[PDB]
Amino acid sequence: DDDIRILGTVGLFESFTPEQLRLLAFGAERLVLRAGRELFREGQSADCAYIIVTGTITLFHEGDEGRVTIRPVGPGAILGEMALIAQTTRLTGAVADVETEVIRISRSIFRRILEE
Amino acid sequence: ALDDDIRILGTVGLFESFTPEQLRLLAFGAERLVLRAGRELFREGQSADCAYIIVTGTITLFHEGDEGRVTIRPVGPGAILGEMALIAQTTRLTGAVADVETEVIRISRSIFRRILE
């Protein structure tokens, strides 16, 4: 039920019915990211969004003299939302510093929800 | 708290890649509104030039039907209304009314734009 609530906070899902949110929760992929797993990198093409359920992901920029940390994000955070609208570039890098549970939503599944 | 505002704004998809400094600017540029129970934020189909993020309280989203309001679902802390208004020409997709006393953060398109400049 909490996944439904979190999905309902997302901008693109603003006008979704409870049924559409359910389809989303069912159709999207539940992922348990292990500590150290890099979700994506800066400049990489994006076709999915991530929503954090539990855990902490660090957003970072890279650099000639090392990786630069932007900020950590936690439960409720939506990563790569506009990738649901078009193929976007990852604006930052992202790594799960701890075991992190996310919901992954593909653009494909988002668009299928629209027809409901 | 400002610290609470920054954390909340940092969960919003559109503000995802913002630095802590940018989120701070956003939190300062934002307008705080206290909505009494029964207050409507906007009308369905109305032109939209700003987004609202709920801090505390409950808002019912609804569609204006043939014989009155038809409830969609309730939204609470963290929900954003009108996010697309910040980056595109849009109208309010639904109606919205505060069920209880509700505090929201209002982000104008102009504030959002200034930060990206």
# chains A, B, ... in the order shown; residues from 1 in each chain; ligands from 1
$ closest_atom_pairs --of "chain A" --to "chain B" --cutoff "10 Å" --atoms "only C-alpha atoms" --output "Markdown table"
| residue | atom | partner | partner_atom | distance |
| --- | --- | --- | --- | --- |
| A:5 | CA | B:75 | CA | 7.9 |
| A:6 | CA | B:79 | CA | 8.2 |
| A:7 | CA | B:79 | CA | 9.1 |
| A:8 | CA | B:79 | CA | 6.9 |
| A:9 | CA | B:79 | CA | 3.8 |
| A:10 | CA | B:79 | CA | 6.6 |
| A:11 | CA | B:83 | CA | 5.3 |
| A:12 | CA | B:84 | CA | 7.6 |
| A:13 | CA | B:80 | CA | 9.7 |
| A:14 | CA | B:81 | CA | 6.5 |
| A:15 | CA | B:93 | CA | 6.3 |
| A:16 | CA | B:72 | CA | 8.0 |
| A:17 | CA | B:72 | CA | 5.9 |
| A:18 | CA | B:73 | CA | 6.6 |
| A:19 | CA | B:72 | CA | 10.0 |
| A:49 | CA | B:13 | CA | 9.1 |
| A:50 | CA | B:13 | CA | 9.7 |
| A:51 | CA | B:11 | CA | 9.3 |
| A:52 | CA | B:11 | CA | 9.3 |
| A:59 | CA | B:17 | CA | 7.8 |
| A:60 | CA | B:17 | CA | 9.2 |
| A:69 | CA | B:19 | CA | 9.6 |
| A:70 | CA | B:19 | CA | 5.9 |
| A:71 | CA | B:20 | CA | 6.8 |
| A:72 | CA | B:10 | CA | 9.5 |
| A:73 | CA | B:11 | CA | 7.3 |
| A:74 | CA | B:11 | CA | 7.8 |
| A:75 | CA | B:11 | CA | 8.1 |
| A:76 | CA | B:11 | CA | 5.9 |
| A:77 | CA | B:11 | CA | 3.9 |
| A:78 | CA | B:13 | CA | 5.0 |
| A:79 | CA | B:13 | CA | 6.1 |
| A:80 | CA | B:13 | CA | 6.8 |
| A:81 | CA | B:13 | CA | 5.3 |
| A:82 | CA | B:13 | CA | 7.7 |
| A:90 | CA | B:17 | CA | 9.2 |
| A:91 | CA | B:17 | CA | 6.4 |
| A:92 | CA | B:17 | CA | 6.6 |
| A:93 | CA | B:17 | CA | 9.6 |
$ residues_around --residues "residue 109 (chain B)" --least-positions-apart "3" --cutoff "9 Å" --atoms "only C-alpha atoms" --output "PDB file with N, CA, C and O atoms, in the first residue's frame"
ATOM      1  N   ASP B  49       0.577  27.955 -13.830  1.00  0.00           N
ATOM      2  CA  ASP B  49       1.904  28.555 -13.955  1.00  0.00           C
ATOM      3  C   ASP B  49       2.775  28.256 -12.741  1.00  0.00           C
ATOM      4  O   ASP B  49       3.815  28.885 -12.537  1.00  0.00           O
ATOM      5  N   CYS B  50       2.342  27.302 -11.927  1.00  0.00           N
ATOM      6  CA  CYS B  50       3.074  26.979 -10.713  1.00  0.00           C
ATOM      7  C   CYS B  50       2.735  25.589 -10.223  1.00  0.00           C
ATOM      8  O   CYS B  50       1.694  25.033 -10.574  1.00  0.00           O
ATOM      9  N   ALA B  51       3.620  25.042  -9.399  1.00  0.00           N
ATOM     10  CA  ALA B  51       3.416  23.739  -8.795  1.00  0.00           C
ATOM     11  C   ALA B  51       3.278  23.881  -7.290  1.00  0.00           C
ATOM     12  O   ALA B  51       3.847  24.791  -6.685  1.00  0.00           O
ATOM     13  N   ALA B  85       3.646  22.106 -15.165  1.00  0.00           N
ATOM     14  CA  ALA B  85       3.440  23.527 -15.428  1.00  0.00           C
ATOM     15  C   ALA B  85       4.762  24.285 -15.412  1.00  0.00           C
ATOM     16  O   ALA B  85       4.877  25.348 -16.011  1.00  0.00           O
ATOM     17  N   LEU B  86       5.758  23.724 -14.733  1.00  0.00           N
ATOM     18  CA  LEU B  86       7.057  24.372 -14.588  1.00  0.00           C
ATOM     19  C   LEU B  86       7.875  24.313 -15.869  1.00  0.00           C
ATOM     20  O   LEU B  86       8.807  25.100 -16.053  1.00  0.00           O
ATOM     21  N   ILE B  87       7.538  23.379 -16.756  1.00  0.00           N
ATOM     22  CA  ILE B  87       8.352  23.152 -17.949  1.00  0.00           C
ATOM     23  C   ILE B  87       7.560  23.119 -19.251  1.00  0.00           C
ATOM     24  O   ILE B  87       8.138  22.921 -20.318  1.00  0.00           O
ATOM     25  N   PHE B 112      11.623  28.756 -10.665  1.00  0.00           N
ATOM     26  CA  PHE B 112      12.278  27.587 -11.233  1.00  0.00           C
ATOM     27  C   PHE B 112      13.223  27.983 -12.359  1.00  0.00           C
ATOM     28  O   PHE B 112      14.364  27.520 -12.419  1.00  0.00           O
ATOM     29  N   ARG B 113      12.748  28.861 -13.237  1.00  0.00           N
ATOM     30  CA  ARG B 113      13.542  29.324 -14.371  1.00  0.00           C
ATOM     31  C   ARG B 113      14.804  30.068 -13.931  1.00  0.00           C
ATOM     32  O   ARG B 113      15.883  29.852 -14.489  1.00  0.00           O
ATOM     33  N   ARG B 114      14.663  30.946 -12.939  1.00  0.00           N
ATOM     34  CA  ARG B 114      15.785  31.748 -12.444  1.00  0.00           C
ATOM     35  C   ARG B 114      16.909  30.874 -11.901  1.00  0.00           C
ATOM     36  O   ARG B 114      18.085  31.198 -12.045  1.00  0.00           O
TER      37      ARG B 114
END
$ atom_distance --atom1 "CA of residue 102 (chain A)" --atom2 "CA of residue 54 (chain A)"
7.1 Å
$ select_by_dssp --residues "chain A" --states "alpha helix (DSSP H)" --output "number ranges by chain"
A: 2-7, 18-27, 107-114
